[PDB]
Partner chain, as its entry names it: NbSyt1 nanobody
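Just one chain is shown here, as structure tokens, and it is the form deposited without its partner chain.
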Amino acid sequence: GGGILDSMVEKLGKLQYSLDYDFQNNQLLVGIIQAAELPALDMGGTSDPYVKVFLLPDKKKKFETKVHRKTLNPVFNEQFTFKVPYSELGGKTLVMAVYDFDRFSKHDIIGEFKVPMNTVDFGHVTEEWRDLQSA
């Protein structure tokens, strides 16, 4: 019994994001909207979340949202732009990872998820809530 429970996805919160490829300017648009039900990693029963967003395997443009202090349900409302030609997009993977900011210690990663660009239906704004995966 316990072995199956151990294989289940742990409740590490969820992140809502939006995605759209701008064929007019030839850039991938990423909207980091909000996160919910994040686990508390600090003593004050909270975390200081922020999101790192980038594209594998390149990741030349390492983006980070502002840090939202003392909250397990932050609303980021941030947008990022990756100037990548559509033809180059197929082989890439968009990575989104939520970290707990700490001024004096290594920032702990809370969770992440990946979006293979070849699974994305473009020419339509994609928007979804994704459960964070253990990293």
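Positions refer to the first chain, counted from 1.
Below: the form solved in complex with its partner chain, not depicted.
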{"query": "Residue contact check: residue 34 to its partner chain in the entry with it bound, 4.5 Å heavy atom", "finding": "yes"}
{"query": "Its partner chain contact in the entry with it bound: residue 78, any heavy atom under 4.5 Å", "finding": "yes"}
{"query": "Partner contact for residue 113 in the entry with it bound: its partner chain, 4.5 angstroms, heavy atom", "finding": "no"}
{"query": "Contact label in the entry with it bound: residue 40 to its partner chain, heavy atom within 4.5 Å", "finding": "no"}
{"query": "21, 24 and 66 each touching its partner chain in the entry with it bound (heavy atom, 4.5 Å)", "finding": "yes"}
{"query": "Residue stretch of 69-77, 85-93, 102-110, 51-59 approaching its partner chain in the entry with it bound, non-hydrogen atom distance within 4.5 Å", "finding": "69-77"}
